[PDB]
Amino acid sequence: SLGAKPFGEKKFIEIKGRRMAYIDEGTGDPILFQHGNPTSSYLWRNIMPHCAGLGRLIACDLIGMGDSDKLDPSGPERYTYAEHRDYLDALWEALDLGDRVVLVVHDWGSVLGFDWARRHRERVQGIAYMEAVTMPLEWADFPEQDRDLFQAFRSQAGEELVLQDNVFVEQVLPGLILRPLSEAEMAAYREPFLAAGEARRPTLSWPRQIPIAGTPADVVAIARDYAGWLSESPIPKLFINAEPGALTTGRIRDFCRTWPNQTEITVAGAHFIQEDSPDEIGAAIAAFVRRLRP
């Protein structure tokens, strides 16, 4: 069902001298849910219950997000993809995930997750993905309505929009969900970002890291790498397509639809489709996992 209640209890672990928060419920092989910008583990709260008893249900808060510590000192050079990956790699190592992991990814969680999967292919039992960066992007991949704003994030105007005015949390997020969010839902999304300034840095550093039109070169290469790999990997995949969708449409959906050993369903949603179709998404992931774990 829907609802504003978080799933399970937030746990904390020290990683590289910082505290990171995560959900870890149940026993067995992990089903690892990874949020992106500007969300947290909370994004998965109505989806994870569908996987009850099918494995160890894990959802991590990226550094500087959710209940994870902020980086100190924060600035325009902090919260790059490389920095997030260092923290997330270390967190996933510390969680003792074993060698039959199911990944469930979205947004930046998909860049992180696809990259991790490429680097740890022997430990990956299945990949479920939605509204994901399937390959390096181009401006024409962005819906016409969102293109200008993301361009503005990647300019000097970004600090005012995001650090001062919290545009990613307050405008982009609700603007890419079809149903109206409740007071409690927006309160949960707002919470890590209540204060103006550096507290909000992760939500600006992220759009500045998106691999678009060849920049930044490091993230482009990482996505080119996992794009080639995923297009050839026989690892079972679940592609949750969205209507109207937002990111994973047109060219980049044409591309991910070439990936082998892949099941597809379509659900209602724009970008943050977890808020529109959590039961359809959860049911599909649960069925995928059941087939992977007979």
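Residues carry their position along the shown sequence, with the first being 1.
- Taking the mean C-alpha B-factor of each stretch as recorded, 23-31 and 58-66 are not equal, and the higher mean is that of 23-31.
- Checked against the record, the higher mean CA B factor of 107-115 and 188-196 lies with 188-196.
- In this entry, the residue among 202, 211, 143, 174 with the greatest C-alpha B factor is 143.
- Across the options 99, 165, 131, 183, the residue with the most elevated CA B-factor in the record is 183.
- Remark: residue 92 belongs to the middle third of its chain, ranked by C-alpha B-factor as recorded.
- Sorting the modelled residues of the chain by their CA temperature factor places residue 206 in the lowest third.
- Ranked by C-alpha B-factor against the other modelled residues of its chain, residue 86 falls in the highest third.
- In the deposited entry, the Cα temperature factor of residue 126 places it in the lowest third of its chain's modelled residues.
- Sort the chain's modelled residues by C-alpha temperature factor and residue 281 lands in the middle third, per the entry.
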